[PDB]
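Residue numbers (the entry's author numbering): 9 to 130, 135 to 192, 199 to 390.
The C-beta atom is built at its ideal place from N, Cα and C for all residues, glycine as well.
A short worksheet on the structure shown next.
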Amino acid sequence: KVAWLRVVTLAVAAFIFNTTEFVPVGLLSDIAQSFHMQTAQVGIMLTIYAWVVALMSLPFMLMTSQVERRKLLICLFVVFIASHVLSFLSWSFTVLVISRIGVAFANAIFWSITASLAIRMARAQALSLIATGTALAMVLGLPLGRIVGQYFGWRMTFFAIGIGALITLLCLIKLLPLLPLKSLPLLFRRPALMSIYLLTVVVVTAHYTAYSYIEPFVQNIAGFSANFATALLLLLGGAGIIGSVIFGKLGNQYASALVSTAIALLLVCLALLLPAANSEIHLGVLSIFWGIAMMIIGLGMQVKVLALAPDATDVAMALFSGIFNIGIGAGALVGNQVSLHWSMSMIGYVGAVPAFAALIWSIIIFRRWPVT
Ligand SMILES: CCCCCCCCCO[C@@H]1O[C@H](CO)[C@@H](O)[C@H](O)[C@H]1O
Ligand SMILES: CCCCCCCCCO[C@@H]1O[C@H](CO)[C@@H](O)[C@H](O)[C@H]1O
């Protein structure tokens, strides 16, 4: 009953925390406009947010292992809210980026403890309540947040996100009850696990070289309307939900085959992004594949990480999330460079290189370790 109420207030927080990671992709120009930059330069806020989560997610999780979670959640929420107020009234791109380092700290801690808190209250579908909040962040959180950005501006988008957290924080204060390192070398010494981390960083770099700049790409390269970009992002968000269900149905026994097929499919979408940019329905139909491909890739490797480190899922997850974010920041940076020094239309072809590498690498490591 109220058990459900608290797992539910956890899911709305998941949705809120994931939406703010996502929304900069759909406010890049709006943000660029307010600070007089080209849209690609704004990509630095993505790199910098993702690398701070990466370098901190494993350290943060350890240092906060002895803190009771209700006290922990409140502090991370306070940091989160304060940071979004700071994004709203930020007086320089530098101040905006500094606010984004603040939200990165809260996110890093927040994803440490949120699955554990979901299972503590009654369980398997208590966990799916946290995932569906992520899911909603994808198909609703990012698209709606862009629409708010277009009407009210990007600052109000960040301001609204913090207010929602604040409302969520208060529900958590009423609803929450009292909530009372040596694995790295062993995990390092598992080449099958290390190979998945390697795969993860390469393939995520591939995807985010293009995905980070899809908004300026759609409007300034494909030259479609601002509202076409918003629809594409809902397609991608809904395509991700689609990929999420096929994986959930066949992932436990076809994860390797699913991962490599999805990587092949992602490679193909990257290479055909600029060619498909002349037809709005080609881009829209491409993005449906793109969205399906990338979410199957991400969950397949997450399931490999679990299958390879059941003895230490916490640090393995902290490691997986960390290296996943390194690929996020690398994708934005490479995308940033291809856009500034070459052009944003090669964004699809440059992302294709590492996606190809990752394909071959996936094909190799699944031959070498085929039973999980
Ligand atoms: C080419 C070397 C092989 C790389 C394979 C990646 C697994 C080892 C990297 O772990 C490191 O752990 C640190 C924890 O703070 C972070 O800096 C970041 O998570 C990550 O880099
Ligand atoms: C952070 C992105 C910059 C790194 C460059 C991406 C390449 C990493 C892919 O791995 C390598 O691809 C080789 C191609 O020959 C394979 O032969 C080799 O097996 C494998 O080690």
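Task: Nearest-angstrom Cβ-Cβ length linking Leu283 and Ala370, presumed shorter than 8 Å - done: Counting from one through the sequence shown, the residue named residue 283 turns up at place 265. Counting from one through the sequence shown, the residue named residue 370 turns up at place 352. No, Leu283 and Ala370 are not in contact; Cβ-Cβ is about 12 Å, not under 8 Å.
Open item on the list: Below 8 Å, how does it come out for the stretch 344 to 359 and the stretch 57 to 65: are there three or more Cβ pairs, yes or no?
Closed with: yes
Task: Host alpha helix (DSSP H) of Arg208 (start-end) - done: In the sequence shown, counting from the first residue as 1, residue 208 sits at position 190. Careful: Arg208 lies outside any alpha helix (DSSP H) and carries neither H nor E.
Task: Reduced DSSP secondary structure (H/G/I, E/B, other) of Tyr57 - done: The count along the sequence shown starts at 1 and reaches residue 57 at position 49. Helix, per DSSP.
- [ ] Could you check how far apart the C-beta atoms of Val16 and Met53 are, in whole angstroms? I think they sit under 8 Å.
- [x] By 1-based counting over the sequence shown, the position of residue 16 is 8. By 1-based counting over the sequence shown, the position of residue 53 is 45. Contact flag wrong, Cβ pair sits at about 31 Å.
Open item on the list: Tell me which residue opens and which closes the alpha helix (DSSP H) that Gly145 is part of.
Closed with: In the sequence shown, the residue the question calls residue 145 occupies position 133. Counting along the chain, the alpha helix (DSSP H) containing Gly145 begins and ends at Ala136 to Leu148.
- [ ] Confirm the yes/no value for this check: CB of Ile341, any heavy atom of ligand 1, distance under 7 Å.
- [x] Position 323 of the sequence shown, counting from 1, holds the residue named residue 341. Yes.
Task: Inter-residue Cα distance where the pair is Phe307 and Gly110 - done: Here residue 307 refers to the residue found at position 289 when the sequence shown is read from its first residue. Here residue 110 refers to the residue found at position 102 when the sequence shown is read from its first residue. For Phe307 and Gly110, the distance between alpha carbons rounds to 34 Å.
Open item on the list: Let me check understanding here. Comparing Cα to Cα, which of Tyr367, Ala22 and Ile381 lies closest to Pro293?
Closed with: Mapped onto the sequence shown, residue 293 falls at position 275. When only C-alpha atoms are compared, the closest one is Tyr367.
- [ ] Would you please state the rounded distance, in angstroms, between the beta carbons of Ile185 and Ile82? I believe it to be under 8 Å.
- [x] Your numbering for residue 185 matches position 173 in the sequence shown. Your numbering for residue 82 matches position 74 in the sequence shown. About 7 Å; that satisfies the 8 Å criterion.
Open item on the list: Let's see if you can read the secondary structure: which residues bound the alpha helix (DSSP H) around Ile179?
Closed with: Counting from 1 along the sequence shown, the entry for residue 179 is found at position 167. Element bounds for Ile179: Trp166 to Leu187.
Task: Spatial distance of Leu182 from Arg78 (CA atoms) - done: Stepping through the sequence shown from its first residue, residue 182 is reached at position 170. Stepping through the sequence shown from its first residue, residue 78 is reached at position 70. Going from the Cα of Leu182 to the Cα of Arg78 covers about 12 Å.
Open item on the list: Just to confirm before moving on: does the CB-CB distance between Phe30 and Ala149 stay below 8 Å?
Closed with: Taking the first residue of the sequence shown as 1, we reach residue 30 at position 22. Taking the first residue of the sequence shown as 1, we reach residue 149 at position 137. The answer is yes: Cβ separation under 8 Å.
Open item on the list: Going residue by residue through the stretch 38 to 91, where are the continuous beta strand (DSSP E) segments of at least 3 residues, counting only ones entirely within it?
Closed with: none
Task: Contacts around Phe206, its chain only, beta-carbon distance under 8 Å, and the 5 residues preceding and following it disregarded - done: As a working note, residue 206 is residue 188 in the sequence shown. Excluding sequence neighbours, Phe206 sits near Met212.
Open item on the list: Rounded to whole angstroms, what is the Cα-Cα separation between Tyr215 and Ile381?
Closed with: Taking the sequence shown and counting its residues from 1, the one referred to as residue 215 is at position 197. Taking the sequence shown and counting its residues from 1, the one referred to as residue 381 is at position 363. The straight-line gap from Cα to Cα measures roughly 15 Å.
Open item on the list: Measuring alpha carbon to alpha carbon, tell me which residue in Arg108, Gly153 and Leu125 is nearest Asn26.
Closed with: On the sequence shown, position 18 is the one that residue 26 refers to. Closest option to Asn26, Cα to Cα, is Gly153.
- [ ] Could you spell out where the alpha helix (DSSP H) holding residue 3 opens and where it closes?
- [x] This structure leaves residue 3 out entirely; the chain is present only between 9 and 390.
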